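**Student:** Please find one structure pasted underneath; my questions will follow.
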Amino acid sequence: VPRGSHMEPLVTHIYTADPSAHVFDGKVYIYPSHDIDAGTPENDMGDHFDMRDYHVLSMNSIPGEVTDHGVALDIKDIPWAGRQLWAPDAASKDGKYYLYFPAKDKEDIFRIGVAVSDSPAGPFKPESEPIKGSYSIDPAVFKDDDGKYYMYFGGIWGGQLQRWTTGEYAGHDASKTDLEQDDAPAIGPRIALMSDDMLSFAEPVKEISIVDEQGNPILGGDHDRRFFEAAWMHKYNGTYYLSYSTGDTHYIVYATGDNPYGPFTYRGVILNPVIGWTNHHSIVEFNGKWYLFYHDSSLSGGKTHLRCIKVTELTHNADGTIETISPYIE
Ligand SMILES: O[C@@H]1[C@@H](O)[C@H](O[C@@H]2CO[C@@H](O[C@@H]3CO[C@@H](O)[C@H](O)[C@H]3O)[C@H](O)[C@H]2O)OC[C@H]1O
Ligand SMILES: O[C@@H]1[C@@H](O)[C@@H](O)CO[C@H]1O
Ligand SMILES: [Ca+2]
Ligand code: NA
């Protein structure tokens, strides 16, 4: 049956989260986390998110029937991974398809790995080790118009980004939150140009600067605006749009810049808070319309770790501003 017409759950037979939507072969392919009711301890490090595989979804139209392509990747087959298959993304280059995924290694440190297929629907063969120089969570692999591909990544608190300031992991007894210096600039998300073969980074990882309208850095204490997790990049009318979740304040916000590396100027809210703690999205153009894919905990009756993906139309103004979406109005 067709789905996606009135902000209803796109699938109900499994729980799904963190949707990364792409247009491949004229279809919408969605790469979400597959939530399961593991019953693991709930805490601020996210141990309650205990996912173990990925399913690829696809739609030929929006609204449309949603196809579940089965298990695209299983944690048991990822040689380096210990636990926790968190928010993934995919990319397409030269007829190969790449699934990028955050997981904890055997030392309980989040890294980002890649798995490879000849189909957007998978299944995918994981590389034996994670990407060298990767860390933390929430990859978004963005193809710019010039054919260059960039990985945006990072998440604070349970995502461990705050433990990576030196290029080496600070340890399990290091900060559980952020820099703990609210008058310093907030931690920024990470970017690296991808290698030609899509398996590695082509440069040292860079941190992205996010500033306010006056050009001042967004500060660590500004939880309404500062980066938490779920980075996403899209381009519209020559402008680069870095969008992301603010975590404990539950917004998807966006900031604009003139190149992939920023700096990005905070503009406003994309998506107001949903049912359930997390808020995670993607923004994609399909048949000349822009869509926001997102999730909530509505299907599970409000369980933060049992989510369902949804979609709605997103409206850019010609001046580059985006109309804020409030999820439960209309
Ligand atoms: O890595 C991320 C985790 O850090 C993130 O953990 C959430 C942190 O907040 C938790 O909710 C708090 C519970 O205590 C109340 O008093 C506070 O007001 C709440 O904010 C929430 O349950 C955790 O999920 O989850 C997402 C991960 O990506
Ligand atoms: O990586 C995501 C994170 O952004 C948050 O949504 C919790 O679930 C994880 O899968
Ligand atoms: Ca994502
Ligand atoms: Na707004």
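Chains: A, B, ... in order of the structure tokens. Residues: from 1 per chain. Ligands: from 1, in order shown.
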Counting only C-alpha atoms, what is within 7 Å of stretch 238-254 of chain A, bar same-chain residues fewer than 5 positions away, as number ranges by chain?
**Tutor:** A: 223-233, 259-260, 266-273, 277-280
**Student:** Step by step, measure atom-to-atom distances between ligand 1 and each residue using only C-alpha atoms and all ligand atoms, keep those at most 12 Å, then write them as a PyMOL selection string.
**Tutor:** chain A and resi 17-18+33+41-50+84-87+102-104+110+136-138+154-162+175-178+223+228-231+245-250+276-280+302-306
**Student:** Using DSSP on the backbone, list every residue of stretch 50-280 of chain A that comes out as helix (DSSP H, G or I), and give them as an MDAnalysis selection string.
**Tutor:** chainID A and resid 75:77 157:159 161:163 247:249
**Student:** Which polymer residues have any atom within 12 Å of an atom of residue A:117, counting only C-alpha atoms, with same-chain residues fewer than 2 positions away left out, as a list in words?
**Tutor:**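 Listing them by chain and then by number gives residues 72, 73, 90, 91, 92, 93, 94, 95, 96, 97, 98, 99, 100, 114, 115, 119, 120, 121, 122, 123, 124, 125, 126 and 127 of chain A.
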**Student:** With only C-alpha atoms as the counted atoms, please give the residues lying no more than 12 Å from residue A:288, apart from itself and same-chain residues fewer than 6 positions off, as a ChimeraX atom specification.
**Tutor:** /A:23,62,236,313-315
**Student:** Restricting it to N, CA, C and O atoms, dump the selection as a JSON list (two decimals), in the first residue's frame.
**Tutor:**
[["chain", "number", "residue", "atom", "x", "y", "z"],
["A", 23, "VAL", "N", 18.54, 9.70, -4.08],
["A", 23, "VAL", "CA", 17.94, 9.31, -5.34],
["A", 23, "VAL", "C", 18.98, 8.54, -6.16],
["A", 23, "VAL", "O", 19.98, 9.12, -6.58],
["A", 62, "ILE", "N", 6.71, 9.38, -3.95],
["A", 62, "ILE", "CA", 6.29, 9.85, -2.63],
["A", 62, "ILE", "C", 4.95, 10.59, -2.81],
["A", 62, "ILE", "O", 4.94, 11.61, -3.48],
["A", 236, "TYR", "N", 21.64, 24.11, -2.43],
["A", 236, "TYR", "CA", 20.47, 24.73, -3.03],
["A", 236, "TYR", "C", 20.88, 26.09, -3.55],
["A", 236, "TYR", "O", 21.38, 26.92, -2.78],
["A", 313, "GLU", "N", 7.20, 17.35, 2.91],
["A", 313, "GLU", "CA", 7.77, 18.31, 1.97],
["A", 313, "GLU", "C", 8.46, 19.45, 2.69],
["A", 313, "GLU", "O", 7.94, 19.97, 3.68],
["A", 314, "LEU", "N", 9.62, 19.85, 2.18],
["A", 314, "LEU", "CA", 10.42, 20.95, 2.72],
["A", 314, "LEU", "C", 10.44, 22.09, 1.71],
["A", 314, "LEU", "O", 10.64, 21.84, 0.52],
["A", 315, "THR", "N", 10.28, 23.32, 2.21],
["A", 315, "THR", "CA", 10.15, 24.52, 1.38],
["A", 315, "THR", "C", 11.32, 25.48, 1.57],
["A", 315, "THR", "O", 11.48, 26.06, 2.66]]
**Student:** Please identify which residues in stretch 125-164 of chain A DSSP calls strand (DSSP E or B) from the backbone, and express them as a PyMOL selection string.
**Tutor:** chain A and resi 125-126+140-143+149-153
**Student:** Mind writing the picked residues with N, CA, C and O atoms as a short mmCIF file (atom, residue, chain, number, x, y, z; two decimals), in the first residue's frame?
**Tutor:**
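Result written to selection18.cif:
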data_model
loop_
_atom_site.label_atom_id
_atom_site.label_comp_id
_atom_site.auth_asym_id
_atom_site.auth_seq_id
_atom_site.Cartn_x
_atom_site.Cartn_y
_atom_site.Cartn_z
N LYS A 125 29.19 -5.82 1.37
CA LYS A 125 30.33 -6.49 2.00
C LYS A 125 31.15 -5.47 2.78
O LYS A 125 31.74 -4.58 2.16
N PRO A 126 31.26 -5.63 4.11
CA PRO A 126 32.05 -4.66 4.89
C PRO A 126 33.55 -4.81 4.68
O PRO A 126 34.05 -5.94 4.53
N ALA A 140 27.61 11.46 7.03
CA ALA A 140 26.84 11.89 5.86
C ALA A 140 27.87 12.06 4.76
O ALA A 140 28.78 12.87 4.90
N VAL A 141 27.73 11.28 3.69
CA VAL A 141 28.63 11.38 2.55
C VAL A 141 27.95 12.12 1.42
O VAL A 141 26.96 11.67 0.86
N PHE A 142 28.49 13.31 1.13
CA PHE A 142 27.88 14.30 0.26
C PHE A 142 28.66 14.36 -1.05
O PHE A 142 29.87 14.54 -1.02
N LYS A 143 27.96 14.21 -2.17
CA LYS A 143 28.56 14.41 -3.51
C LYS A 143 28.30 15.83 -4.00
O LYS A 143 27.15 16.21 -4.27
N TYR A 149 33.50 14.07 -3.27
CA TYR A 149 32.68 13.49 -2.21
C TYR A 149 33.33 13.81 -0.86
O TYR A 149 34.54 13.69 -0.71
N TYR A 150 32.50 14.19 0.11
CA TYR A 150 32.96 14.59 1.43
C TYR A 150 32.18 13.84 2.49
O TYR A 150 30.96 13.70 2.37
N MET A 151 32.87 13.36 3.51
CA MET A 151 32.19 12.80 4.68
C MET A 151 32.10 13.85 5.77
O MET A 151 33.12 14.36 6.23
N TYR A 152 30.86 14.14 6.19
CA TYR A 152 30.58 14.91 7.38
C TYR A 152 30.29 13.91 8.49
O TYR A 152 29.63 12.92 8.23
N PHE A 153 30.79 14.15 9.70
CA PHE A 153 30.57 13.21 10.80
C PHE A 153 30.75 13.80 12.17
O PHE A 153 31.27 14.91 12.33
#
**Student:** Nearest to ligand 2: which of A:283, A:308, A:322, A:57 is it, counting only C-alpha atoms and all ligand atoms?
**Tutor:**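 Ranking A:283, A:308, A:322, A:57 by distance to ligand 2, first place goes to A:308.
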**Student:** Excluding stretch 146-148 of chain A and its own-chain neighbours fewer than 4 positions away, which residues fall within 9 Å of it when counting only C-alpha atoms? Please give them as a PyMOL selection string.
**Tutor:** chain A and resi 142+193-194+196
**Student:** Using only C-alpha atoms and all ligand atoms, which residue out of A:171, A:257, A:188, A:32 lies closest to ligand 2?
**Tutor:**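 Ranked by minimum distance to ligand 2, first place goes to A:32.
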**Student:** One decimal, in Å: what's the spacing between atom CA of residue A:327 and atom CA of residue A:11?
**Tutor:**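 Separation between atom CA of residue A:327 and atom CA of residue A:11: 17.5 Å.
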**Student:** Have a look at A:325, A:299, A:30, A:187 and name the one nearest to ligand 3; count only C-alpha atoms and all ligand atoms.
**Tutor:**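 The closest residue to ligand 3 is A:30.
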**Student:** Suppose you want the space between atom CA of residue A:190 and atom CA of residue A:262; what is it in Å?
**Tutor:**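 It comes out at 10.9 Å.
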